[PDB]
>>> print(open('input-v3.csv').read())   # CSV, C-alpha atoms (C1' of nucleotides)
chain,number,residue,atom,x,y,z
A,1,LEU,CA,64.9,128.8,103.2
A,2,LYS,CA,63.6,130.6,106.3
A,3,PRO,CA,66.4,131.4,108.8
A,4,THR,CA,64.8,128.9,111.2
A,5,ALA,CA,66.4,126.2,109.2
A,6,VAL,CA,69.8,125.1,110.7
A,7,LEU,CA,72.3,123.4,108.4
A,8,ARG,CA,74.9,121.0,109.8
A,9,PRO,CA,78.4,120.6,108.4
A,10,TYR,CA,77.8,117.3,106.6
A,11,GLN,CA,74.6,118.7,105.1
A,12,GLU,CA,76.6,121.8,104.0
A,13,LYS,CA,79.3,119.6,102.5
A,14,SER,CA,76.9,117.5,100.5
A,15,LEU,CA,75.2,120.7,99.2
A,16,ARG,CA,78.5,122.3,98.4
A,17,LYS,CA,79.6,119.2,96.5
A,18,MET,CA,76.3,119.1,94.7
A,19,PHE,CA,76.6,122.8,93.9
A,20,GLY,CA,80.2,122.8,92.9
A,21,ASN,CA,79.5,125.8,90.7
A,22,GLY,CA,76.6,128.0,89.7
A,23,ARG,CA,75.2,124.9,87.9
A,24,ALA,CA,73.6,122.1,89.9
A,25,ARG,CA,75.0,118.7,89.4
A,26,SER,CA,72.8,115.6,89.2
A,27,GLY,CA,73.5,112.6,91.4
A,28,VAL,CA,72.6,110.8,94.6
A,29,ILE,CA,73.1,112.1,98.2
A,30,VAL,CA,73.2,109.4,100.9
A,31,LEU,CA,72.1,110.7,104.3
A,32,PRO,CA,70.4,108.9,107.2
A,33,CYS,CA,66.7,109.8,107.9
A,34,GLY,CA,67.8,111.3,111.3
A,35,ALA,CA,70.4,113.3,109.4
A,36,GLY,CA,67.7,115.5,108.0
A,37,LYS,CA,67.8,114.4,104.3
A,38,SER,CA,64.5,116.3,103.9
A,39,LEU,CA,66.1,119.6,104.8
A,40,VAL,CA,68.8,119.0,102.2
A,41,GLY,CA,66.2,118.4,99.6
A,42,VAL,CA,64.2,121.5,100.6
A,43,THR,CA,67.5,123.5,100.7
A,44,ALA,CA,68.4,122.3,97.2
A,45,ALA,CA,65.0,123.5,95.9
A,46,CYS,CA,65.5,126.8,97.7
A,47,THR,CA,68.9,126.9,95.9
A,48,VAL,CA,67.6,126.1,92.4
A,49,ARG,CA,64.7,128.6,92.9
A,50,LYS,CA,63.0,127.0,89.9
A,51,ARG,CA,59.9,124.8,89.6
A,52,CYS,CA,60.6,121.5,91.2
A,53,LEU,CA,58.9,118.1,91.6
A,54,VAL,CA,59.3,116.0,94.7
A,55,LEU,CA,58.4,112.3,94.5
A,56,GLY,CA,58.0,110.1,97.6
A,57,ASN,CA,57.6,106.3,97.9
A,58,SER,CA,54.3,106.7,99.9
A,59,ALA,CA,51.5,109.2,100.7
A,60,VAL,CA,52.9,109.4,104.2
A,61,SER,CA,56.2,110.6,102.7
A,62,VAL,CA,54.3,113.1,100.6
A,63,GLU,CA,52.7,114.5,103.7
A,64,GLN,CA,56.1,114.6,105.4
A,65,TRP,CA,57.6,116.6,102.5
A,66,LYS,CA,54.7,119.1,102.6
A,67,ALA,CA,55.2,119.7,106.3
A,68,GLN,CA,59.0,120.0,105.8
A,69,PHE,CA,58.6,122.5,103.0
A,70,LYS,CA,56.3,124.6,105.1
A,71,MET,CA,58.5,124.1,108.2
A,72,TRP,CA,61.7,125.1,106.4
A,73,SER,CA,60.7,127.3,103.5
A,74,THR,CA,59.0,130.7,103.0
A,75,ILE,CA,56.6,129.0,100.6
A,76,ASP,CA,52.9,129.1,101.5
A,77,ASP,CA,50.6,126.1,101.7
A,78,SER,CA,48.7,127.2,98.5
A,79,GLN,CA,52.0,127.2,96.5
A,80,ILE,CA,52.5,123.5,97.4
A,81,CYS,CA,50.3,120.8,95.8
A,82,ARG,CA,50.2,117.0,96.6
A,83,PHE,CA,49.2,115.4,93.3
A,84,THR,CA,47.7,112.2,94.7
A,85,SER,CA,44.7,110.0,94.0
A,86,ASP,CA,43.7,110.1,97.6
A,87,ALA,CA,43.9,114.0,97.9
A,88,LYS,CA,43.7,116.9,95.5
A,89,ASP,CA,45.2,120.4,95.8
A,90,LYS,CA,44.6,121.6,92.2
A,91,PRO,CA,48.3,121.0,91.2
A,92,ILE,CA,48.0,123.1,88.0
A,93,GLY,CA,47.2,126.0,90.3
A,94,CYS,CA,50.7,126.1,91.9
A,95,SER,CA,54.4,125.6,91.0
A,96,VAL,CA,55.7,123.1,93.6
A,97,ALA,CA,54.3,119.6,93.1
A,98,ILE,CA,54.6,116.5,95.2
A,99,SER,CA,53.5,113.0,94.2
A,100,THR,CA,54.6,109.3,94.2
A,101,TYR,CA,56.2,106.9,91.8
A,102,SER,CA,53.0,104.7,92.0
A,103,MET,CA,51.0,107.6,90.6
A,104,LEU,CA,53.2,108.9,87.8
A,105,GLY,CA,54.7,105.5,87.0
A,106,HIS,CA,51.3,104.0,86.9
A,107,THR,CA,51.1,101.5,84.0
A,108,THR,CA,47.3,101.1,83.8
A,109,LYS,CA,44.6,103.5,82.7
A,110,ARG,CA,44.7,106.9,84.4
A,111,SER,CA,41.7,108.6,85.8
A,112,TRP,CA,40.4,111.5,83.7
A,113,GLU,CA,41.1,114.0,86.4
A,114,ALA,CA,44.6,112.7,87.2
A,115,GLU,CA,45.3,112.7,83.4
A,116,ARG,CA,44.8,116.5,83.3
A,117,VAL,CA,47.5,117.1,85.9
A,118,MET,CA,49.8,114.5,84.4
A,119,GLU,CA,49.6,116.1,80.9
A,120,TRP,CA,50.4,119.5,82.5
A,121,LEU,CA,53.3,117.8,84.4
A,122,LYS,CA,54.5,116.2,81.2
A,123,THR,CA,54.5,119.4,79.2
A,124,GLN,CA,56.1,121.5,82.0
A,125,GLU,CA,59.9,121.4,82.5
A,126,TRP,CA,61.1,120.8,86.0
A,127,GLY,CA,64.2,122.7,87.1
A,128,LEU,CA,64.8,120.2,90.0
A,129,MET,CA,63.5,116.7,90.4
A,130,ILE,CA,63.9,115.4,94.0
A,131,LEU,CA,63.6,111.6,94.4
A,132,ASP,CA,63.3,110.2,97.9
A,133,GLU,CA,64.4,106.6,98.8
A,134,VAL,CA,65.9,106.2,95.3
A,135,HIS,CA,66.9,102.6,96.1
A,136,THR,CA,63.4,101.8,94.7
A,137,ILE,CA,64.0,103.9,91.6
A,138,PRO,CA,65.8,101.1,89.6
A,139,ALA,CA,62.5,99.2,89.6
A,140,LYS,CA,61.1,98.6,86.1
A,141,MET,CA,58.0,100.9,86.7
A,142,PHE,CA,59.7,103.5,88.9
A,143,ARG,CA,62.5,104.1,86.4
A,144,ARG,CA,59.9,104.9,83.8
A,145,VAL,CA,59.1,108.1,85.8
A,146,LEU,CA,62.5,109.5,84.6
A,147,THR,CA,61.3,109.1,81.0
A,148,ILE,CA,57.9,110.6,81.7
A,149,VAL,CA,58.9,113.7,83.6
A,150,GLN,CA,61.1,116.3,81.9
A,151,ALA,CA,63.7,117.6,84.4
A,152,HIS,CA,66.8,119.8,84.0
A,153,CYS,CA,68.6,118.3,87.1
A,154,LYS,CA,67.5,115.3,89.2
A,155,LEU,CA,68.7,114.8,92.8
B,1,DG,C1',-70.2,138.0,155.0
B,2,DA,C1',-70.0,142.4,151.0
B,3,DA,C1',-69.0,146.5,151.1
B,4,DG,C1',-68.1,151.2,152.6
B,5,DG,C1',-65.7,154.3,156.0
B,6,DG,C1',-61.5,156.0,158.9
B,7,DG,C1',-56.5,156.6,160.1
B,8,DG,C1',-52.2,157.2,158.5
B,9,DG,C1',-48.6,157.2,154.9
B,10,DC,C1',-47.0,159.0,150.2
B,11,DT,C1',-46.6,162.1,147.4
B,12,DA,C1',-43.9,167.5,147.1
B,13,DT,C1',-41.3,171.7,148.8
B,14,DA,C1',-36.7,174.0,151.1
B,15,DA,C1',-32.2,173.3,153.8
B,16,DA,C1',-27.9,171.5,156.1
B,17,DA,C1',-25.0,167.9,157.9
B,18,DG,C1',-21.7,162.9,157.1
B,19,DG,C1',-21.7,158.7,155.3
B,20,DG,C1',-22.6,154.4,152.2
B,21,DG,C1',-23.6,152.5,148.8
B,22,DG,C1',-25.5,152.3,143.3
B,23,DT,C1',-23.8,153.4,139.2
B,24,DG,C1',-20.6,153.7,134.9
B,25,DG,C1',-16.1,154.5,134.1
B,26,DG,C1',-11.4,152.4,132.6
B,27,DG,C1',-9.4,148.6,133.7
B,28,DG,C1',-6.8,143.5,134.0
B,29,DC,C1',-7.3,139.3,133.2
B,30,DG,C1',-8.7,134.5,131.0
B,31,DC,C1',-10.6,132.6,127.4
B,32,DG,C1',-10.4,131.2,122.7
B,33,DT,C1',-10.3,131.3,117.3
B,34,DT,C1',-7.0,132.2,114.4
B,35,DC,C1',-2.4,131.6,112.4
B,36,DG,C1',2.6,130.4,111.4
B,37,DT,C1',6.4,128.8,113.4
B,38,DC,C1',9.8,125.4,114.9
B,39,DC,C1',9.6,120.9,114.6
B,40,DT,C1',9.4,115.4,113.9
B,41,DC,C1',9.4,112.2,110.3
B,42,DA,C1',9.9,109.6,106.3
B,43,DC,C1',10.8,109.9,102.1
B,44,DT,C1',15.2,110.5,99.8
B,45,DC,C1',20.1,112.6,97.3
B,46,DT,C1',24.9,113.8,97.5
B,47,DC,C1',30.3,113.5,100.1
B,48,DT,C1',32.4,110.0,101.8
B,49,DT,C1',34.8,105.4,103.0
B,50,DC,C1',36.3,101.2,100.6
B,51,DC,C1',36.4,97.5,98.3
B,52,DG,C1',38.8,96.1,93.8
B,53,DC,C1',43.8,95.2,90.1
B,54,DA,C1',49.3,95.8,89.1
B,55,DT,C1',53.8,96.7,91.2
B,56,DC,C1',57.7,96.3,94.8
B,57,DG,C1',61.6,93.1,97.7
B,58,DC,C1',62.8,89.1,98.2
B,59,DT,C1',62.2,84.5,98.2
B,60,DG,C1',60.7,80.1,97.3
B,61,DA,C1',58.6,76.6,94.2
B,62,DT,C1',57.4,74.3,89.0
B,63,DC,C1',59.1,74.0,85.1
B,64,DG,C1',61.3,71.6,81.0
B,65,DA,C1',64.1,68.8,78.8
B,66,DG,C1',70.5,68.3,78.7
B,67,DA,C1',72.1,65.2,81.0
B,68,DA,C1',73.5,62.3,85.6
B,69,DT,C1',72.3,57.6,85.0
B,70,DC,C1',71.3,54.1,82.0
B,71,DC,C1',72.7,51.9,78.4
B,72,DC,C1',74.6,50.2,73.8
B,73,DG,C1',79.0,48.2,71.6
B,74,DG,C1',84.0,46.9,72.5
B,75,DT,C1',87.6,44.8,75.4
B,76,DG,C1',89.1,40.6,77.5
B,77,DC,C1',89.1,37.5,80.5
B,78,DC,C1',88.9,33.6,82.0
B,79,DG,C1',84.9,30.1,82.2
B,80,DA,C1',83.8,26.3,80.1
B,81,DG,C1',84.0,22.3,77.6
B,82,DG,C1',85.3,21.2,74.4
B,83,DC,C1',89.9,19.1,72.4
B,84,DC,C1',94.6,18.6,70.3
B,85,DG,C1',99.5,18.4,70.7
B,86,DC,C1',102.9,17.0,73.2
B,87,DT,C1',105.5,16.6,77.0
B,88,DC,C1',106.6,15.0,81.1
B,89,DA,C1',106.4,12.5,84.6
B,90,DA,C1',105.6,8.5,86.4
B,91,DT,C1',106.4,3.9,85.7
B,92,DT,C1',108.9,-0.2,84.5
B,93,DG,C1',113.2,-2.2,83.5
B,94,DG,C1',118.3,-2.7,82.6
B,95,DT,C1',122.7,-0.5,82.1
B,96,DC,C1',126.9,1.2,84.1
B,97,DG,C1',129.4,4.8,85.4
B,98,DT,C1',130.8,8.3,89.3
>>> encode(input="input-v3.csv", output="structure tokens")
Amino acid sequence: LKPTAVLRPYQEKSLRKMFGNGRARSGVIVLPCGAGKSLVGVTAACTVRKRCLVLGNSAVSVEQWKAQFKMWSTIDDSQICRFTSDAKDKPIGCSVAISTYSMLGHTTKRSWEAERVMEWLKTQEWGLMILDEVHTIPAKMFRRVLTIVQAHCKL
DNA sequence: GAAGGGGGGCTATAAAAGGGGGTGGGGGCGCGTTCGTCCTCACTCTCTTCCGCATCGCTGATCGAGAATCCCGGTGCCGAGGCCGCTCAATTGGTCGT
């Protein structure tokens, strides 16, 4: 996390409660959009320091997350990839991945190119799995993502 | 007109002077064959935009078929026209007691 990032007390409390010890605890953090939930997610990734997967409910959110990661973290643009049907960044070429539940949770036949990344995603283990707007997660298709992706801790 | 004869100019030679034109020298330029270029165009060959199917949030609408009514069988009641049993009440009378 670049020192430009400013962390508010409630944000710090939520992170301290999530990182009660040297081991990250899985669970849900409820913060308003104006409260900078994105920064907490980025901070958690910077804390875990391991390969992480961010999933948004829309392509607009995926764009927002990319901007926020660049805005708040030392990570370079090439190190971030937005695995999406509409756009390609050679996800296998970098460690940080961003996508959507509609893509990974997709029930119908995958495109040959998207299948390449998904198999790489399936085989790799994710240290942190950030889920945005998790109120949608209990959906029958979206919850499948949790069985498809292998993640050590999910926030 | 036929033709020959005479006078004068040309021709050369030297020399100087100062000046203009006659000449060929180098020259600029336009013209023009030659050529490819930059270029339009009309063929058309790739990046791109975008239509498609399933899913979400939340609700309504259709749906079959278990079930609110409708309906089968019992209660009884009182409806109905039998009828009898029997009583009472209406009638007569006399009797006679209170």
>>> residues_around(input="input-v3.csv", residues="residue 135 (chain A)", least_positions_apart="2", cutoff="12 Å", atoms="all atoms listed in the file", output="number ranges by chain")
A: 28-30, 56-57, 131-133, 137-139, 142-143; B: 56-57
>>> interface_residues(input="input-v3.csv", of="chain A", to="chain B", cutoff="8 Å", atoms="all atoms listed in the file", output="list in words")
residues 107, 108, 136, 139 and 141 of chain A
>>> atom_distance(input="input-v3.csv", atom1="CA of residue 80 (chain A)", atom2="CA of residue 47 (chain A)")
16.8 Å
>>> closest_residue(input="input-v3.csv", among="A:49, A:152, A:25, A:140", to="residue 105 (chain A)", atoms="all atoms listed in the file")
A:140
>>> atom_distance(input="input-v3.csv", atom1="CA of residue 116 (chain A)", atom2="CA of residue 101 (chain A)")
17.2 Å
>>> residues_around(input="input-v3.csv", residues="residue 93 (chain A)", least_positions_apart="5", cutoff="10 Å", atoms="all atoms listed in the file", output="short mmCIF file (atom, residue, chain, number, x, y, z; two decimals) with C-alpha atoms, in the frame of the given file")
data_model
loop_
_atom_site.label_atom_id
_atom_site.label_comp_id
_atom_site.auth_asym_id
_atom_site.auth_seq_id
_atom_site.Cartn_x
_atom_site.Cartn_y
_atom_site.Cartn_z
CA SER A 78 48.70 127.20 98.50
CA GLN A 79 52.00 127.20 96.50
CA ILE A 80 52.50 123.50 97.40
CA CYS A 81 50.30 120.80 95.80
CA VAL A 117 47.50 117.10 85.90
#
>>> atom_distance(input="input-v3.csv", atom1="CA of residue 130 (chain A)", atom2="CA of residue 110 (chain A)")
23.1 Å
>>> closest_residue(input="input-v3.csv", among="A:123, A:26, A:111, A:100", to="residue 65 (chain A)", atoms="only C-alpha atoms")
A:100
